[PDB]
Each structure stands twice: as structure tokens, then as C-alpha cells.
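The structure appears below as C-alpha cells.
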Amino acid sequence: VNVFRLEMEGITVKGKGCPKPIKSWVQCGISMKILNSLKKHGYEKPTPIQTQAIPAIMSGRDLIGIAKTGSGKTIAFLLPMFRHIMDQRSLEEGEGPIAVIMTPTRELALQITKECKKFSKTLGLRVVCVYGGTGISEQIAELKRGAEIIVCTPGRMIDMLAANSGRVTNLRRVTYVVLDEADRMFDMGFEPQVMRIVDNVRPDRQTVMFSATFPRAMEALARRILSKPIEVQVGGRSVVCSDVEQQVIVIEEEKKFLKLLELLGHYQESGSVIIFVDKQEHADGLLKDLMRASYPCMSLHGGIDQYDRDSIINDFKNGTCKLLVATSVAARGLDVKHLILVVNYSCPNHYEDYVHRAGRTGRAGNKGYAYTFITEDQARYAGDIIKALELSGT
């Protein structure tokens, strides 16, 4: 029932027919060797980019993932590919790899080969040992004995394809095409080499691309080579609106009412504002304290009747009530044009309620103000609030 909490963690997902992210590597549909390598490497919890890319690579569809530096994109490209190679074994033909990994640098290709050897440890699968600027005879002797994956330079791959040392057959040769640092491969320098690498490939083969940054033109150039791609970045799915300004202040539980009274008294946050509370009794007490302080305020919660809540909503929409106290039920789905300010005095336990409270004000391209009071008790939601502020650009 907590499938929405994995998507709210902050992982923009785009595409049709996207599988659910896995919580751990033990229930991700991986083989025994990949799980043994993950247990030997010391991975207790998987990365969110890895949890978004591993079912998309296990399902057999094209995926394009973007994340920060050092997030584990090489392991996220090597582990489901090795799991699909171990689960669906094929005949190791001559001079034909089952996977093609493209790296723009020789040191990056050597690091990808070392990561693939560490992910395929305690097994007979040796992928590749080749780099640019070295002896081609040793690389040909290493590739002639058997090659599972092909992680090298595009120039070395073009030289191997021109000298008939390595190529992709038409019927069944490779099933996955990995592209590490796809922003550099889609540039003007590596365009015809990547075009000749993608042209001489099998028709029934998946294409994977991973990079730290991704421009619009590079993504538009890379989307033409893939067939129905699935995008995975951060953050978009269940994220806060960028048009509404978010503010977080560190105050106590008793000082929150004084901060709200100072924002209503000194600043212009009293009129046309929606105040989110934790419970209905606390919202009624805050509404009574606002009405006792010579300020017109209305309240809408589950403890009140439906007609009184409708009258309070009509008074907030018409302009009769300056402030409107509401619970978490009115945070999502409410589309009021008068709600310009969103005062979150009580922080919710879930980030989706805070995202719905921030998105309730300043919609349809308009600006908005959102001020939330962060306390010491909401320490678990502070990381989610920081991730939402980093995704929304606040």
C-alpha cells in the first residue's frame, strides 16, 4: 500500500507501461551471482536510480537514466544485464558480444570493465579487456576466447568492426546496448561513431543510456535511437511546484503560534491565506485563537458539519474570511484562486501532504507563497523536504 511513497522519494518517471521500483535487491528479479556480488560489495540499500533502472532493464525496454555523480549508474547498468544474462543464457558465438557498453574515455571503459568483473565475480563470465591506444593483438586474443559484454571506446569498436574482429549478427547476437556518459556520446564529436555503432546492431535489442547531465538536444538525439524509452531522473513524480516559493523556518511548538501571529500582524499573510494543521481539534483551537485576536478566520475540518465547511469555503472564496484553517483532507484537490499563502504550522508525516499543500497555492502558472514551520519532532521528513526543495529549486 506504500507504492506511492517510493515514487514520492523524488524520482521523475516518464513513459508508458513503467514497472514498479524494487525496495531491495533480494526482491528485484536478479540472479544468484548478482546478489552474491551485491552482498560482497556491501550494498545494504539500493540507489533510487538503480531501483528505477533495474526493473526497466529486466523488463526488456529501453531506459534513459539521469542522476548525480557517484550515484552508482555503472552498477545499475551492470547488475540487471548480468541477471538477464545468467537467467536467460545463450550460446557464446564467435566474435559476438551479448552486451555493448560505450564509454567516451579509456579510463572510464577500464573502470566499467572492472565494475563488470566485480559484479560477475566467482563465475566463469569474463566480459572484455580492451582499451584505446594499446596493442590490438592482445585485445583480439582476449576477445577471441569469449566475450560476454563489450565495454570499450567507440573508435576501438569501429576499428574492430572494420577489421572483422567484432560485429553484431542479424538474428541473435546482443540484447542490451549500454551507453555510459551519453551526453558526450551524443555531441558533435562522437556523432558518426555512435551512429555507425547503433546502425550495425541487432533489431531486437534493448538500448540503455546513463549520464550525469542531459540537455534537451542531446535527449532528443538519443530518443531517436531507442524504441519507446522510459525516462528516470529527479525530481518530478510527486514533486513540489516551482512557481510557488517554499520557505522553511526552525521554530518550537509553542513558538509556532507566535510566528503565525507575527506573520499575520507585521507581514501581509493574514488575509487570503490557508493554514494547515495536524488535527481537527488543533485547527479549531487555532481558528478560535485567530478569531479572538480580532481577525476574521474560518475553519474546515472533519469535526465540523458539511454545511458549515461549505459556508467557510464560500466565505474564503468570496473574501469574507481572511484566513482559512484546514486539515490534510483539504490540502489535495482544492483549487481556490484566493489561496495565495500556504502556512504549514504543523508538518505532516508524509511528503505527499506537504507537496499537496505547497501546490494548492500558486497554480496554473501563477506565483504563490508557502511558509512551513519545521520543528525538532519532524526529523524524518527533513530529508524529504530538502529533496523537494532541491527538486523544485528552492
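Every chain in the C-alpha cells has a letter given in the order shown (A, B, ...), and although residue numbers restart at 1 in each chain, ligands are simply numbered from 1 in the order shown.
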Next on the checklist: I'd like the contact shell of region 288-293 of chain A - 12 Å cut-off, only C-alpha atoms, skipping same-chain residues fewer than 6 positions apart - returned as a list in words.
Outcome noted: residues 257, 258, 260, 261, 262, 264, 265, 270, 271, 275, 281, 282, 299, 321, 322, 323, 324 and 325 of chain A
Checklist entry - Residues of region 103-254 of chain A in strand (DSSP E) according to DSSP, as a list in words? => result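 Matching residues, listed in order: residues 149, 150, 151, 152, 176, 177, 178, 179, 180, 206, 207, 208, 209, 210, 211, 230, 231, 232, 244, 245, 246, 247, 248, 249 and 250 of chain A.
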Item to check | Sel. of alpha helix (DSSP H) residues, region 326-375 of chain A, as a VMD selection string | outcome: chain A and resid 351 to 359
Item to check | Among listed residues A:209, A:143, A:162, A:1, nearest residue 64 (chain A) (using only C-alpha atoms) | outcome: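 Under the stated criterion, the closest residue is A:209.
Considering the residues A:298, A:152, A:276, A:247 and counting only C-alpha atoms, residue 310 (chain A) has its shortest atom-to-atom contact with A:298.
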Next on the checklist: Applying 6 Å and only C-alpha atoms, which residues near residue 180 (chain A) remain after dropping the ones on its own chain fewer than 4 positions away? List them as a count of residues only.
Outcome noted: 3
Item to check | Length of the CA of residue 343 (chain A) to CA of residue 242 (chain A) vector [Å] | outcome: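 Taking CA of residue 343 (chain A) and CA of residue 242 (chain A), their separation equals 17.1 Å.
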